[PDB]
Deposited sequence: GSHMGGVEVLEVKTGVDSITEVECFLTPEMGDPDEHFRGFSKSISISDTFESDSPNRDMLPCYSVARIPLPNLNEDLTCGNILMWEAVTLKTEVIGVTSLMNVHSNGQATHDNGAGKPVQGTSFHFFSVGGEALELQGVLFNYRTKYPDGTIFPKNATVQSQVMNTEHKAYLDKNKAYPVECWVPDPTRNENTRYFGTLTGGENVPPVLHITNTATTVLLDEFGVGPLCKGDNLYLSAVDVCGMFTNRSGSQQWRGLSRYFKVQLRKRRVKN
């Protein structure tokens, strides 16, 4: 694809606005946004997490107005934020008291906040904490794992092309690919790390590369992907569940001619 001029005129711009809901495991009918309580295997080789205990990447494929000269929608800017940050102030709902007579412990600990915008599915590379982990039916996970999968095994390539499927802990954006995607993520690990969640409607991320070209939407589809694992909630027994929140996306696109 040789990239040519941007179209102008009223017809030449469009906006996508939506929310991606978290997929933390959803153990039952009352626990949307939460994982199952975390259990710990007694050996590496017996690590067999249930599906409902594994957060997954979220993805939405958004159809854009049909275009076909070959024109493609080009993603130019992003506004994004985590929705519902203040819900983490509920420290009165079956939580483990911080001390005698104290309030409930807030959600805290290991977090992963991630978003991407691309003109095609996010491309993934698998990396495993423990190559002998047995991933459950209904998830899509690195196959033919070997001990090298604990550091780098280039066989583990995938596309984030399905919801509730790709577990967060197995997969990262592939930096050898993703030419047509812009991705951003932070892992903050550690049992006691505080969530620090900023909101504002005044911040924009520009999606143009160094040559002034943003993601180009193949087949007139925009791909949005997210993970917002905020930490763990600790119930009165001490059991811990991951808690996630939804992410808002607003993307501005323009028409671009290509050869």
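- Numbered from the first deposited residue, the unresolved ranges run 1-6, 75-80, 272.
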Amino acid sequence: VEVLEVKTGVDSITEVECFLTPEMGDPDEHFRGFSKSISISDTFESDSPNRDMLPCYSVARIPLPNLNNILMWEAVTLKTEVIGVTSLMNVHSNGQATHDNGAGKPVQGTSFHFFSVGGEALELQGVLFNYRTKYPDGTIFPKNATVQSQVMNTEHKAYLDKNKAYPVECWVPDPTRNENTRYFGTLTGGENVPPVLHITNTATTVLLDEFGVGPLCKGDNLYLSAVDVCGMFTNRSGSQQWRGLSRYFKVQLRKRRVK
From here on, numbers count along this sequence of modelled residues.
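- Taking the mean C-alpha B-factor of each stretch as recorded, 225-233 and 206-214 are not equal, and the higher mean is that of 206-214.
- Of the two segments examined, 144-152 and 79-87, it is 144-152 that shows the higher average Cα temperature factor in the deposited entry.
- Comparing the listed residues 113, 99, 92, 182, the entry records the largest Cα B-factor for 99.
- Of the candidates 58, 35, 201, 66, the deposited coordinates give 66 the top C-alpha B factor.
- When all modelled residues of the chain are sorted by CA temperature factor, residue 20 is found within the middle third.
- In the deposited entry, the Cα temperature factor of residue 133 sits in the middle third of values across the chain's modelled residues.
- Among all modelled residues in its chain, residue 251 ranks in the middle third by Cα B-factor.
- Placement of the Cα temperature factor of residue 239 within the chain: middle third of the modelled residues, per the deposited record.
- Split the chain's modelled residues into thirds by C-alpha temperature factor. Residue 49 is in the middle one.
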